[PDB]
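Data block below; observations after.
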């Protein structure tokens, strides 16, 4: 059921995967707003090219 | 008296034991195996045998001694190897030339043949004497020059006869007191139950640092004389280096090693370096063994001996604390002690709390750990001792989720956590700065103000730098180092320099086996000065890459500051550190223009 | 009439040497006569030492006594048990303040016995819900991180979530040292008609930090308002169970009979939970989730709900439980249940602690659910709520901008983000960072918050009301 | 073990004891305990299984007056590739390190599929040095372990954030990891590599990295061995 890491289910691995999930989530948000800044500058540069 | 009714592993049920008391030692079987009562059900008493229980037959006698599991305290305790029940291993091997430990061997724990030079104390005939009073002194070692003979606690009376100065074997009468008509004879030694902590007049606040010599410990997470400490059991870390460092360089007047749950060959380890390690703080090259007694307890020994190892070791530490001696107890693995408790509770059919461990695990670790603090020893003359409990923990699965560490963290003031990211990369002593802590930082401000006034400030600065760079690294590992400001780059580089050249300690090198507290303080000064000058220079427009290339020389000087030999003396090393600091200031002033 | 105690009666006690067995921390008696379920008994060891015991089980003529301070030395032949006939009643009086008690109610300040006004029974009856009234005024703490942004009302039950090694004990000591009422008045809060008090309970507290609490309270004058309940880690476990009950019984007495405003700090709730688990497994109960017995939501509820302000009494009880999160997670049973039962939580952050910030209170996760009832015009200052909201907003924006500082660069941030980095700097290391002995009144903390907020422009201080903003920000 | 003790401690022989499927022995212990209606430990295994496993393992080593030895190499099948299972977990607390055979390395065709990171020898640090084996042994071992760990971390990052986003540290780590697992760890079933040949192979492998960044090797050993190509 769904994609799986196929990892050893233990409390240590549970904590490891919770930390990994938090890190990946904050990285997703981090890159999302980085990409927001980059696409804002990209739209600006497209306007400069256009005119 | 009693007779065995049931045997199943170390648990033995003996009938006709109507008079037995809780935790009372009994002599089980014809071999007179040592065991203590664990449960009473009328005339039937559950007994955990401290030796191998095979061969026991239903009906053979069980004679109850009437005394709980006690430990012999007196001269001859030093320089000696013991098991959990304090059976002298060397004396056992000489009494029976066999390579094995004979079943039911009853050699006295402390040698009865050695004649000790006894010097009578202040008290004379007719003086009322109380528990803990020093009524005489004994020259045991060339290092423990004055082994003070204390009147046993919970014992007092009017002195009626005190032996004069001379040589006395351990069994000869020394002091004869009169309490109320009942008259007691006292010898060089006395027995004290290992379960009950030895009383003291007052427990003080442990306020003097226990210098381990590892820079990360003594700098970021310091311990104090009389504190409680948790260390990981992984070798190469402080489990094997910090024990030797504390035994060889620390200001402890005595060392008590308690190797409960030790591997067979790792036991043979600490029985050959300890006889071959020497001290310099005494003013002469003297072996540590004169300061040390070992409680050797391999993993194949009975589980009850594993449980009693910690108690007998801490009782020896308490006994040497009661003489006004700062004594450090090193427990090899309190996790193995916890597993011994778990196994015993399993044999007893008790309901476990978590992951099988007994519900009273936290209570037992507390009752063990709080036998540590600095104290004013019972009786007169006034004196002060301490027991620095330095107890290691072997993690389960490499996380702190195991119940042993969770219960330990609620007691220990100092916790030197492990970092497998540092351990796997062979960055020793590999202490997890993020999660390790020491609650003795505030208490040590009084010591720092007297000796090294800026030490807390620099320690907090290094912690701040390391935390900021840790979050910067976790951002970088996803984003990269491209977009960071120059100040962020300085933070990362300074923290890498710290981790590689201040926190990291070889331990097997002459220049860095023991980093003295003044050298550690000077190194913190140098590293914080590097960070401060780098940040100040970059604040004045200086590009970080150019500044780094032009100050690689002072970076190497800071890196190689760790290579200074501590044996050159505090004066020389401090002068050379001042030279390094002045050179750094001059170089950064030059390169900032 | 007060003279209705009728305590002059003498109740002789039966002492039995009929011990039938010993099983770990509990003693079984074979021929008890009409045993009481929760009766406290005294054991006389053969050596003469006397130990207390609490009855855990009563079968027909059989009583199972769970013994404080272990069971070593007890034999079935010589020991005797004296049955008191009453549960663990505690002596209460108006002058228990300034006294330091053991976890068993025995004073440990080398003072005399309590000289009770009444022997109030422990774990008293629950407060009638129809008698409760909503919290309505702020209890001050002297901590800006709590006073300004997580303000505590007078009946609120708000825990301090923390972890091992974090300075939650020193935060508790500071709160006990600096707590009080907010509003200035013609008469001081040390009088006999508007008085305030603190009940500090320590469970499983380490000997070093227990001595720290004792010396800190006896030296800083907070003792005259504080009834301290120390319980060492090596003290008996049943003593740990009864310690918060002692503290809350004293708080109930003071607040609801003397009409005091009582703050209750229950430090190391996790140690109490460990003790509770030990007691549960002593009765052969099978452990529940994470080894903790499944019924402690009820017991934590009984501890916590002994708080709040009531209809007919001018007194109130405010609780600040302090629990160490094991392995730093909220999903653990203890913080989860405390979040169920208590209003909000204060967070102590390890990341802030490693940076040298004291108190290391992380304000983004910390919340006071009914803070809005503690703040207002006659309650502190009219700007309290919107200043707290603005501080929270700008702090969150500063954290996000600190995330982008290393991803898009400092110069690529917006002007609000450039202001937010330095606002976060000044915030964490001047406003949140408060000395362990720095007592800031709520107004001092509020105007420090204003001085922090004066860097921002008018346009994007948008979460402050324009009336308050135009009355406070522009001068 | 009793026959091994006879020969080693009485006939002065050097016995190499092999105890395959310690997991089967633990299963038998679990079966007996379950038939006894005892208090079960973790996963149903007996609470005293640590003591029994220790009584088995600890029958090794040398003795003072007798010139024999017993060298134990027990083999235990981890039931679900998990070292945290009670059998391997309790074995780890008694034995001095372990040799870890990885399923992942076996799937890639590596024989022997010995995984460096979890494997351990708790008394290797004293059997190597100047008078025994070669003076670079400890430093090269530590460096190989550290570089392998860095290679695993860099491989995880490359799986997540690609090869180009990696630093030169990580790219060198991937190259070292693949040459390592394919040349050094990989070995013939009958190929007897002396420790000096293996050390030379290890140095040839480490020479991928510049000398400056071989930080886990002491400068004396590094200077003496790195250029000896």
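Residues in region A:4-34 that are under 20 Å from residue C:402 (Cβ atoms) and within 10 Å of another protein chain (Cβ to nearest Cβ): A:23, A:24, A:26, A:27, A:28, A:29, A:30, A:31, A:33, A:34. Examine region C:272-284 for a residue that is surrounded by 24 or more Cβ atoms within 10 Å (Cβ to Cβ), within 12 Å of chain B (Cβ to nearest Cβ) and within 15 Å of the chain's Cα centre (by Cα), and state whether such a residue exists. Yes, region C:272-284 contains at least one residue that is surrounded by 24 or more Cβ atoms within 10 Å (Cβ to Cβ), within 12 Å of chain B (Cβ to nearest Cβ) and within 15 Å of the chain's Cα centre (by Cα).
Criterion first (over 21 Å from residue B:461 (Cα atoms), assigned to a helix (DSSP H, G or I) and touching a helix residue (DSSP H, G or I) at 6+ places or on another chain (Cβ under 8 Å)) does residue B:547 satisfy it?
Here the answer is yes, as residue B:547 does meet what is asked.
Restricting to region C:67-82, what's the tally of residues that are within 12 Å of chain B (Cβ to nearest Cβ) and either within 18 Å of residue C:40 (Cβ to Cβ) or surrounded by 16 or more Cβ atoms within 10 Å (Cβ to Cβ) (or both)?
Initially, region C:67-82 is screened for residues within 12 Å of chain B (Cβ to nearest Cβ), giving C:67-79.
Imposing the further condition that a residue be either within 18 Å of residue C:40 (Cβ to Cβ) or surrounded by 16 or more Cβ atoms within 10 Å (Cβ to Cβ) (or both) reduces the set to C:67-76, C:79.
Within region C:67-82, residues that are within 12 Å of chain B (Cβ to nearest Cβ) and either within 18 Å of residue C:40 (Cβ to Cβ) or surrounded by 16 or more Cβ atoms within 10 Å (Cβ to Cβ) (or both) number 11.
Listed here are the residues, each with its yes/no results for (1) within 14 Å of chain B (Cβ to nearest Cβ); (2) in a helix (DSSP H, G or I); (3) without any contact (Cβ under 8 Å) to a residue 40 or more places away in the chain; (4) more than 24 Å from the chain's Cα centre (by Cα).
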| residue | (1), (2), (3), (4) |
| --- | --- |
| C:346 | no, no, no, no |
| C:357 | yes, no, no, no |
| C:380 | no, no, no, no |
| C:385 | no, yes, yes, yes |
| C:390 | no, yes, no, yes |
| C:421 | yes, yes, yes, yes |
| C:424 | yes, yes, yes, yes |
| C:435 | yes, no, no, no |
| C:440 | no, no, no, no |
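Assess whether residue C:411 counts as being part of a loop (DSSP other than H, G, I, E, B), out of contact with any helix residue (DSSP H, G or I) (no Cβ under 8 Å at 6 or more places or on another chain) and more than 14 Å from every other protein chain (Cβ to nearest Cβ). Before you say what the answer is, go through the steps one by one.
Details: part of a loop (DSSP other than H, G, I, E, B): yes; out of contact with any helix residue (DSSP H, G or I) (no Cβ under 8 Å at 6 or more places or on another chain): yes; more than 14 Å from every other protein chain (Cβ to nearest Cβ): no.
In short, no.
Among the helices (runs of 4 or more DSSP H) confined wholly to region D:37-154, which include 2 or more residues that are more than 8 Å from chain B (Cβ to nearest Cβ) and surrounded by fewer than 17 Cβ atoms within 10 Å (Cβ to Cβ)? It comes to D:103-107. Being over 15 Å from the mean Cα position of the chain (by Cα) and within 12 Å of chain C (Cβ to nearest Cβ) is true of residue B:409.
Could you identify the single residue in C:223, C:230 that is touching a helix residue (DSSP H, G or I) at 6+ places or on another chain (Cβ under 9 Å), away from chain B (no Cβ under 14 Å), more than 24 Å from residue C:153 (Cβ to Cβ) and buried (at least 16 other Cβ atoms within 10 Å of the Cβ)? Break it down stepwise before answering.
Numbers: C:230 fails: away from chain B (no Cβ under 14 Å).
So the residue among C:223, C:230 that is touching a helix residue (DSSP H, G or I) at 6+ places or on another chain (Cβ under 9 Å), away from chain B (no Cβ under 14 Å), more than 24 Å from residue C:153 (Cβ to Cβ) and buried (at least 16 other Cβ atoms within 10 Å of the Cβ) is C:223.
Condition check ((1) without any contact (Cβ under 8 Å) to a residue 60 or more places away in the chain; (2) surrounded by 15 or more Cβ atoms within 10 Å (Cβ to Cβ); (3) outside the structural domain of residue B:288 (by CATH)) across all residues:
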{"residue": "B:136", "(1), (2), (3)": "yes, yes, yes"}
{"residue": "B:149", "(1), (2), (3)": "no, yes, yes"}
{"residue": "B:171", "(1), (2), (3)": "yes, no, yes"}
{"residue": "B:177", "(1), (2), (3)": "yes, yes, yes"}
{"residue": "B:181", "(1), (2), (3)": "yes, no, yes"}
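Would it be correct to say that residue B:514 is touching a helix residue (DSSP H, G or I) at 6+ places or on another chain (Cβ under 7 Å), farther than 22 Å from residue B:425 by Cα and either assigned by CATH to the domain that holds residue B:251 or crowded, with 17+ Cβ neighbours inside 10 Å (or both)? Yes: the conditions hold for residue B:514.
Every residue, every condition in (1) out of contact with any strand residue (DSSP E or B) (no Cβ under 7 Å at 6 or more places or on another chain); (2) within 12 Å of chain C (Cβ to nearest Cβ); (3) buried (at least 24 other Cβ atoms within 10 Å of the Cβ), yes or no:
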residue	(1), (2), (3)
B:331	no, no, yes
B:337	no, no, yes
B:344	no, yes, no
B:353	yes, yes, yes
B:399	yes, yes, no
B:402	no, yes, no
B:415	no, yes, yes
B:423	yes, no, no
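For region C:232-261, which residues satisfy the criterion of being under 15 Å from the mean Cα position of the chain (by Cα) and farther than 20 Å from residue C:214 by Cβ? Walk me through it before giving the result.
Step one: filter region C:232-261 for residues under 15 Å from the mean Cα position of the chain (by Cα), giving C:240-252, C:261.
Of everything in region C:232-261, those that are under 15 Å from the mean Cα position of the chain (by Cα) and farther than 20 Å from residue C:214 by Cβ turn out to be C:241, C:245, C:248, C:249, C:252, C:261.
Restricting attention to region C:1-60, the residues that are touching a residue at least 40 places away in the same chain (Cβ under 8 Å), part of a loop (DSSP other than H, G, I, E, B), within 23 Å of residue C:239 (Cα to Cα) and within 14 Å of chain B (Cβ to nearest Cβ) add up to 2. Of all residues in region B:355-370, those satisfying the criterion of being surrounded by fewer than 24 Cβ atoms within 10 Å (Cβ to Cβ) and either touching a residue at least 40 places away in the same chain (Cβ under 8 Å) or assigned to a helix (DSSP H, G or I) (or both) are B:355, B:357, B:363, B:364, B:367, B:368, B:370.
Taking into account only those residues within region B:206-225 that are under 25 Å from residue B:261 (Cβ atoms) and under 13 Å from the mean Cα position of the chain (by Cα), which is nearest to the other protein chains (Cβ to nearest Cβ)? It comes out as B:223. One residue stands out among those in region B:387-397 that are under 18 Å from residue A:15 (Cβ atoms) and not in a strand (DSSP E or B): the one that is farthest from the other protein chains (Cβ to nearest Cβ), which is B:395.
For residue B:500, indicate whether it is touching a residue at least 40 places away in the same chain (Cβ under 8 Å) and either more than 10 Å from chain C (Cβ to nearest Cβ) or under 30 Å from residue B:227 (Cα atoms) (or both).
Values: touching a residue at least 40 places away in the same chain (Cβ under 8 Å): yes; either more than 10 Å from chain C (Cβ to nearest Cβ) or under 30 Å from residue B:227 (Cα atoms) (or both): yes.
When the stated conditions are applied, residue B:500 passes them.
With ideal geometry, Cβ positions are generated from the backbone for all residues, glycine too; neighbour counts draw on all protein chains shown. Basis: the model, the stated rules and, where named, an outside source; no laboratory read-out is quoted.
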